[PDB]
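Residue numbers (the working numbering): 37 to 276.
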Ligand SMILES: *[C@@H](O)C(CC)(CC)C(=O)Nc1ccc(C)nc1
Ligand code: NA
């Protein structure tokens, strides 16, 4: 997250760290959202590679075990069947991970609230991106979970020629684009939390930013629109 601040510890308790094994160590690669005790929602492109993955719930500081963390393997990866890694702009950047064990819910580990099917937010709606991603374009991962305010940019504006043009589809949510605050490498797959009737719900899965950089004016961070995939999500959980 570029232009963010350290989140209050465990204040986004559905945020997970998706990690892969490298030799004998683990490395953070993407975010995700805990949506059942044994299911995580993330981006398809995060699980493109044939790596050994684990999920960390209750995480805050990636470089120390503070006592709130639970570490669990990934048993099954269900990528959206229309996902095409050659064409992130075509969409379907979403995947569900079935965990090897059900995590224990507590103050630090909670299920994320998803929006009702088809829900669309008004332009400039209040949302926050969270993650351990780079804190500047070509910088380094955050040690501690970051948050930044990223208000939505509605589809008509986001897909206009002065923003993303036809690169963005109505199955995506745009947010930010002020040139200051954004998602960045390592935030992919994580949540966009948007405030609706007093409650935060995960309306986005972080998918892409500009090739020019993370925080680029009128190139808002682009998310998979979770509310476009509610049926798909429930179908996967019911049949896996
Ligand atoms: C996620 O960390 C992000 C960093 C540039 C977007 C914020 C990313 O990796 N997006 C991405 C990578 C690869 C493909 C095929 N699509 C999207
Ligand atoms: Na930790």
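C-beta: ideal position from N, C-alpha, C; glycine also.
*Could you tell me how far apart the beta carbons of residue 216 and residue 39 are, in whole angstroms, since I believe they sit closer than 8 angstroms?*
Yes, residue 216 and residue 39 are in contact; Cβ-Cβ is about 5 angstroms, under 8 angstroms.
*ligand 2 heavy atoms versus the CB of residue 105: any closer than 7 angstroms?*
yes
*Cβ-heavy atom distance between residue 98 and ligand 2 below 7 angstroms?*
yes
*Please go through the same chain and pick out, in chain order, the residues whose beta-carbon is closer than 8 angstroms to the beta-carbon of residue 268, but skip the five residues on each side of it.*
116 and 130
*Other residues of its chain near residue 102: CB distance less than 7 angstroms, five sequence neighbours each side excluded*: 96
*Just how far apart, CA to CA, sit residue 153 and residue 209?*
14 angstroms
*Is the distance from the Cβ of residue 51 to the Cβ of residue 227 below 8 angstroms?*
yes
*Could you name the residues of the same chain whose beta carbon sits closer than 6 angstroms to that of residue 57, not counting the 5 residues immediately before and after it, in chain order?*
88
_Considering only heavy atoms of ligand 2, does any lie closer than 7 angstroms to the CB of residue 102?_
yes
*Beta bridge counterpart(s) of residue 229 as assigned by DSSP*: In the DSSP secondary-structure assignment, residue 229 is bridged to 164 and 238.
*Answer yes or no: the CB of residue 169 versus the heavy atoms of ligand 1, is any distance below 7 angstroms?*
Residue 169 has its CB nearer than 7 angstroms to a heavy atom of ligand 1.
*asked:* Quick check on this structure: which residue in 257, 104, 272 and 54 has the alpha carbon closest to the alpha carbon of residue 163?
replied: 257
_Does residue 220 come out as helix, strand or coil in the three-state DSSP assignment?_
Correct three-state label for residue 220: coil.
_Shorter than 7 angstroms, the distance from the beta carbon of residue 224 to the closest heavy atom of ligand 1, or not?_
At least one heavy atom of ligand 1 is found less than 7 angstroms from the C-beta of residue 224.
*Since I believe residue 262 is in contact with residue 234 (beta carbons under 8 angstroms), could you give me their beta-carbon distance rounded to a whole number of angstroms?*
Rounded, the Cβ-Cβ distance is 19 angstroms, inconsistent with contact.
*Would you mind stating whether residue 225 and residue 242 have Cβ atoms separated by less than 8 angstroms?*
yes
*Check whether the Cβ atoms of residue 65 and residue 76 lie closer than 8 angstroms to each other.*
No. Outside cutoff.
*Using DSSP bridges, identify the partner residues of residue 108.*
91
*Spell out the partners DSSP gives residue 255 in its beta bridges.*
252
*Closest to residue 150 by CA distance: which of 259, 92 and 237 is it?*
237
*asked:* I'd like the list of long-range same chain contacts for residue 128, defined as Cβ closer than 7 angstroms, with 5 residues on each side in sequence excluded.
replied: 80, 116, 118 and 119
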